[PDB]
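Engineer: After the structure tokens below, expect a handful of questions from me.
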Amino acid sequence: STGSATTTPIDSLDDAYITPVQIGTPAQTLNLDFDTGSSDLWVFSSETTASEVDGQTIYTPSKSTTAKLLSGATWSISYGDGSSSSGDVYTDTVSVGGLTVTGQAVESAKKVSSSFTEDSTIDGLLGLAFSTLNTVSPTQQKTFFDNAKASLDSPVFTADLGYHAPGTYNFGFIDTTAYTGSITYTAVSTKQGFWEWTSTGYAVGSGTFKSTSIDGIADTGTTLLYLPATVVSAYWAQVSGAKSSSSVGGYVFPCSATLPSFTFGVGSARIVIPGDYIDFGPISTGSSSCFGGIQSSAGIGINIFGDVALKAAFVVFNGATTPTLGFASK
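Numbering (mature numbering (1 follows the signal peptide of the UniProt record, and there is no 0)), first residue to last: 70 to 399.
In structure tokens:
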């Protein structure tokens with residue numbers, strides 16, 4: 070089998086991407102944030118504290134004839150950005166772009182933190198990291214991809230995120246029309262449960278390429294590119310008027326400035342992030358100070374190749390017995 074679904078930016082900055090997911094019988098369609106940095110499929114629901122729902126579409130398991138309580142099961146997650154949610158668990162039928170999993174754990178939120186409530190466009194998350202990170206207790210549950218894997222034509226999914234435009238998640242096949250050149254594959258460590266890999270270096274604009282190993286994660290659920298402070302400083306030093314602002318919480322720059330591209334290494338291959346992808350707009354309405362899309366990972370404890378980086382590529386998440394990642398230009 071295969072599946073293919075369009076993913077759409079939630080706002081004009083590409084702060085996140087939402088993908089429609091059918092849950093239950095009859096189908097309830099929720100728009101979920103596909104997150105290769107986590108491993109829980111959780112939804113706003115009829116069980117979510119009423120004061121914590123503000124515009125989201127909810128899953129109502131009592132209206133699904135295929136929903137079954139996973140008795141005794143609870144879940145609770147905290148994300149790198151400080152947000153969190155928790156609740157209980159049902160199993161139900163979940164379809165993405167034509168691909169159906171029966172018996173998928175659907176984690177129903179009883180509580181969500183303020184940032185989730187405040188984002189009316191995201192109805193939940195669909196985790197696509199390794200199932201070892203899944204928070205369901207007492208019995209850890211499998212991701213949608215893990216459940217689908219054996220049925221897929223090939224045990225892969227691909228992320229093709231758009232810049233200020235829709236893109237595509239495919240399951241079970243590689244669309245050879247969706248990228249240019251060849252796909253370069255690189256090794257993955259699953260030891261932390263992430264799609265963790267080592268970039269071979271970077272360049273800033275037309276500058277020479279610096280060969281240096283940068284361990285990080287391919288994370289569709291993180292908006293920006295977070296890299297070591299050395300790398301980030303080298304980038305922003307090429308932007309007139311850029312500075313790191315403690316009060317804002319990262320590098321800002323005047324919008325009158327021209328952003329250089331940023332190149333990252335995948336083996337001997339190179340992915341070029343155009344300068345415009347690094348502009349995240351005014352820090353506040355009407356401000357002339359713009360927020361940067363490349364920021365320091367210092368204090369996160371890991372480097373994160375988030376959407377800013379991934380949307381410059383066609384990315385293969387290869388779930389073969391030994392997982393790997395593939396990157397192509399597009």
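For every residue, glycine included, the Cβ atom is placed at its ideal position computed from N, Cα and C.
(1) Please name the residue, chosen from 316, 248 and 174, that lies closest to residue 142 on a Cα-to-Cα basis.
(2) In or out: residue 191 buried (at least 16 other Cβ within 10 Å) or exposed?
(3) Any chance the stretch 205–224 sits against the stretch 142–152, with 3 or more Cβ pairs inside 8 angstroms?
(4) Thinking residue 255 and residue 336 are a contact (beta carbons under 8 angstroms), I'd like their distance in whole angstroms, please.
(5) At which residue ranges does the stretch 157–243 contain complete alpha helix (DSSP H) runs of 4 or more residues, listed in the order of the chain?
(6) Could you check what DSSP says for residue 373 in three-state terms: helix, strand or coil?
(7) Secondary structure at residue 144, three-state DSSP: helix, strand or coil?
(8) Between the beta-carbon of residue 180 and the beta-carbon of residue 149, is there less than 8 angstroms?
(9) Taking Cβ positions, are residue 107 and residue 222 nearer each other than 8 angstroms?
(10) With burial defined as no fewer than 16 other Cβ atoms inside 10 Å of the residue's Cβ, what is the status of residue 296: buried or exposed?
(11) Less than 8 angstroms between C-beta atoms, sequence neighbours within five positions excluded: which residues of the same chain meet that for residue 341?
(12) For residue 97 and residue 293, I'd like the C-alpha separation in whole angstroms.
(13) Can you name, in chain order, every residue of its own chain whose Cβ lies under 7 angstroms from the Cβ of residue 109, other than the five neighbours on each side?
(14) Apart from the five residues on each side of it in sequence, which residues of its chain come closer than 7 angstroms, Cβ to Cβ, to residue 369?
(15) I'd like the span of the beta strand (DSSP E) that includes residue 266, first residue to last.
(16) Short of 8 angstroms in beta carbon distance, which residues of its chain neighbour residue 351, apart from the five on each side in sequence? Order them along the chain.
(17) Could you name the residues that DSSP lists as bridge partners for residue 359?
(18) In whole angstroms, what is the alpha-carbon distance linking residue 367 and residue 95?
(19) For the stretch 118–127 against the stretch 262–280, do three or more pairs of beta-carbon atoms, one drawn from each stretch, fall closer than 8 angstroms, so that the two count as touching?
(20) How many angstroms separate the CA atom of residue 224 from the CA atom of residue 389?
(21) Just to check my reading of the structure: residue 321 and residue 314 have Cβ atoms closer than 8 angstroms, yes? What is that Cβ distance to the nearest angstrom?
(22) Could you check the C-alpha separation between residue 81 and residue 345 for me, to the nearest Å?
(23) Work out the CA separation of residue 309 and residue 130 for me, nearest whole Å.
Structural biologist: Once the coordinates are examined:
(1) Residue mapping note: residue 142 aligns to position 73 of the sequence shown, counting from 1. The option with the nearest alpha carbon to residue 142 is 174.
(2) Working through the sequence shown from its first residue, we reach residue 191 at position 122. By the neighbour-count rule (16 or more Cβ atoms within 10 Å), residue 191 is buried.
(3) Result yes; three or more Cβ-Cβ pairs closer than 8 angstroms.
(4) Sequence index remark: in the sequence shown, residue 255 carries index 186 (1-based). Sequence index remark: in the sequence shown, residue 336 carries index 267 (1-based). That pair is a contact at about 6 angstroms.
(5) Fully contained in the stretch 157–243 are the following alpha helix (DSSP H) runs of length 4 or more, in chain order: 183–186 and 213–217.
(6) Position 304 of the sequence shown, counted from the first residue, corresponds to residue 373. Strand, per DSSP.
(7) For the purposes of this step, residue 144 is taken as residue 75 along the sequence shown, with counting starting at 1. It is a strand residue.
(8) For the purposes of this step, residue 180 is identified with residue 111 of the sequence shown, where counting begins at 1. For the purposes of this step, residue 149 is identified with residue 80 of the sequence shown, where counting begins at 1. In this structure, residue 180 keeps its C-beta atom at 8 angstroms or more from the C-beta atom of residue 149.
(9) Looking up residue 107 in the sequence shown gives position 38. Looking up residue 222 in the sequence shown gives position 153. For the pair residue 107 and residue 222, the CB atoms are not nearer than the 8 angstroms cut-off.
(10) Counting from 1 along the sequence shown, the entry for residue 296 is found at position 227. By the 10 Å Cβ count, residue 296 comes out buried.
(11) Numbered from its first residue, the sequence shown carries residue 341 at position 272. 330, 331, 332, 381 and 398, listed in sequence order.
(12) If you number the sequence shown from 1, residue 97 lands on position 28. If you number the sequence shown from 1, residue 293 lands on position 224. Spanning the two alpha carbons is a distance of roughly 31 angstroms.
(13) Residue numbering aside, residue 109 sits at position 40 when the sequence shown is read from its first letter. Non-local C-beta neighbours of residue 109 in its own chain, meaning closer than 7 angstroms and more than five positions away in sequence, comprise 144, 146, 176, 194, 196, 203 and 204, ordered along the chain.
(14) Within the sequence shown, numbered from 1, the residue matching residue 369 stands at position 300. Around residue 369, the same chain offers 149 and 295 as residues with beta carbons nearer than 7 angstroms, after the five sequence neighbours per side are excluded.
(15) On the sequence shown, position 197 is the one that residue 266 refers to. That run of the beta strand (DSSP E) goes 265–273.
(16) Within the sequence shown, residue 351 is the residue found at index 282, counting from 1. Excluding sequence neighbours, residue 351 sits near 324, 357, 358, 359 and 360.
(17) For the purposes of this step, residue 359 is taken as the residue at position 290 of the sequence shown. 322 and 351.
(18) Taking the first residue of the sequence shown as position 1, residue 367 is located at position 298. Taking the first residue of the sequence shown as position 1, residue 95 is located at position 26. Cα to Cα, the separation comes out at about 46 angstroms.
(19) With a cut-off of 8 angstroms, the stretch 262–280 and the stretch 118–127 do not count as touching, because too few Cβ pairs lie within range.
(20) The residue you call residue 224 lines up with position 155 of the sequence shown. The residue you call residue 389 lines up with position 320 of the sequence shown. The straight-line gap from Cα to Cα measures roughly 6 angstroms.
(21) Numbered from 1 along the sequence shown, position 252 holds the residue referred to as residue 321. Numbered from 1 along the sequence shown, position 245 holds the residue referred to as residue 314. Indeed they touch by this definition, with Cβ atoms about 5 angstroms apart.
(22) Taking the sequence shown and counting its residues from 1, one reaches residue 81 at position 12. Taking the sequence shown and counting its residues from 1, one reaches residue 345 at position 276. Per the coordinates, the alpha-carbon of residue 81 lies some 13 angstroms from the alpha-carbon of residue 345.
(23) In the sequence shown, counting from the first residue as 1, residue 130 sits at position 61. In the sequence shown, counting from the first residue as 1, residue 309 sits at position 240. One Cα belongs to residue 130, the other to residue 309, and the distance between them is close to 54 angstroms.
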